[PDB]
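>>> got an experimental structure here, sequence first:
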Amino acid sequence: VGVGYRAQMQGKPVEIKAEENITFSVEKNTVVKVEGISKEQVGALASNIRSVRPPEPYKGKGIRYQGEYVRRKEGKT
RNA sequence: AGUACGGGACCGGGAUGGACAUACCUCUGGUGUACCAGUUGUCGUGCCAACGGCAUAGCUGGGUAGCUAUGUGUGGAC
């Protein structure tokens, strides 16, 4: 899902290192297909770009393959 | 955008603090018994003075150099 949501603070006697709260400038947000010859390297990059946003249990928001489980909880550590 | 989530998130990134460590005396202070000034009692040079001796440095108000913190800098990042 292409949205860009990432943390919260609003805005993008001293601030925590100048400015804060920066998400990501949506450029693609469409079904991406990696084209390679080495399965090993292909898998690494594929999972490397799949770690950007781990499939959340809320509505499966984030790069993933197909697996997904509905949920809405994070109150106990 | 205070949008998700249903009040309040992890994300790169100038500087303000607390405690502690270290260096120094320009500044604010402290001390400064061979520096300057004011003043009480008594003794000594015929009288009075000036000055000297003793009284915690006689007492009181300031204070140079030096040594100092509560004073002035820097650090702990990457």
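Received it, and whenever you're ready, just let me know what you need. Residues are numbered from 1 along each chain as shown, chains lettered A, B, ... in the order given.
>>> from residue A:66, how far out is residue A:25?
According to C-beta to C-beta, to the nearest Å, residue A:25 and residue A:66 sit 27 Å apart. For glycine as for every other residue, the C-beta is placed from the backbone atoms N, C-alpha and C.
>>> could you do residue A:73 as well?
Separation of residue A:73 from residue A:66 (C-beta to C-beta): 23 Å.
>>> also residue A:59?
Residue A:59 sits 15 Å away from residue A:66 when distances are taken as C-beta to C-beta.
>>> compare those two (neighbour count), which wins?
Higher neighbour count among residue A:59 and residue A:66: residue A:59, with 12 against 6, using other C-beta atoms under 10 Å.
>>> just checking, the more buried one touches residue A:3?
No: Residue A:59 lies out of contact with residue A:3 (C-beta atoms under 8 Å); the separation is 10.1 Å.
>>> RNA strand B contacts on chain A?
Within reach of RNA strand B by C-beta under 7 Å from any atom of the strand, chain A has these residues: A:5-23, A:58-59, A:72.
>>> repeat the analysis, applying 10 Å as the threshold.
By C-beta under 10 Å from any atom of the strand, the residues of chain A that approach RNA strand B are A:3-24, A:53, A:56, A:58-59, A:61-62, A:71-75.
>>> mind checking which of those residues are buried?
Among those, those scoring as buried are A:53, A:56, A:61-62 (criterion: 16 or more other C-beta atoms under 10 Å).
>>> can I get the residues you listed in CSV with distance to residue A:34 and secondary structure?
Formatted as CSV, these follow (distance: C-beta to C-beta, whole Å; DSSP: H, G, I helix; E, B strand; the rest coil):
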residue, distance to residue A:34, secondary structure
A:53, 17, coil
A:56, 22, coil
A:61, 21, coil
A:62, 17, coil
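>>> I'd like those written out as a markdown table, with distance to residue A:29 added.
Shown next, in a markdown table, are those (distance: C-beta to C-beta, whole Å):
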| residue | distance to residue A:29 |
| --- | --- |
| A:53 | 11 |
| A:56 | 16 |
| A:61 | 12 |
| A:62 | 12 |
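>>> now do the same contact list for residue A:26.
Listed by C-beta atoms under 8 Å, 6 or more residues apart in numbering, the contact set of residue A:26 reads A:2-4.
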